[PDB]
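First, one chain by itself: the form deposited in one PDB entry, in structure tokens.
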């Protein structure tokens, strides 16, 4: 039942709308990453709200958890796409936004991209199954909370516990759980690096001709600084 649901709600293809028939430029690449982010956010929200037990969460905590975990969720899914679609040879942000090393360099996000490429390879090295991927991705949504607590922390704690239980079941073991939790933990530092880069870019957006969509700008200026300032922190296993 649980896996039936995760499979059923898994987002379909999302395109960036990038113009690949034009020479690469920092401005165009980042405007496309931003637009792609705005597009993926719409899908992540619909996905999250259809997850088993998500409605157990207080209304206010629902959108907050989604926004805090957004980058991590996107990174994990992109890593999986890169692995399944191009065997980690390139970063598959979208069918029309695939990054080779030149674009990784041009985007000024090289270090972050190489780490995501490594993440992509780990899906292969660790032989992560599509089902482990689905359960791990859902667990990522419940892996970052505010120090001052959510409106109802208890409902969040129960939900997170239940998703870990589902991972236990899919695994069924100790060695596998160790591998998967280590992989999950590795997503956080990458998201942090992207958060920092994105935050800095928004602040100087008017100087580099980069366009930020409405929702992205709000999340970056309101929620991301809470993470960067330590008010909102990831829940690591290790």
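Numbering follows the first chain given and starts at 1.
Counting the unmodelled positions of the deposited sequence between residue 172 and residue 173 gives a gap of 4 to 9 residues. Relative to one another, 201-209 and 188-196 have unequal mean CA B-factors, and 201-209 is the one with the higher figure. Averaged over Cα atoms, the B-factor as recorded in the entry is higher for 58-66 than for the other of 25-33 and 58-66.
Note on the listed residues 100, 127, 88, 112: the highest Cα temperature factor in the record is that of 88. Across 160, 108, 81, 137, the entry's maximum B-factor at the CA atom is seen for 108.
Ranked by C-alpha B-factor against the other modelled residues of its chain, residue 74 falls in the lowest third. The deposited CA B-factor of residue 156 belongs to the middle third of values across its chain. Per the PDB record, residue ranking by Cα B-factor puts residue 94 in the lowest third of the chain. Ranked by Cα temperature factor within the chain, residue 222 sits in the middle third according to the deposited record. Sort the modelled residues of the chain by CA B factor and residue 214 lands in the highest third.
Heads up, the form solved in complex with a small molecule isn't pictured, but that's what we're talking about next.
Using a 4.5 Å cutoff between non-hydrogen atoms, residue 159 counts as a contact of the small molecule in the bound PDB entry.
Put simply, residue 166 is close to the small molecule in the bound PDB entry: some heavy atom of it is within 4.5 Å. When the small molecule is considered in the bound PDB entry, residue 133 lies well away from it, no heavy atom lying within 4.5 Å. The closest non-hydrogen atom of residue 189 lies beyond 4.5 Å of the small molecule in the bound PDB entry.
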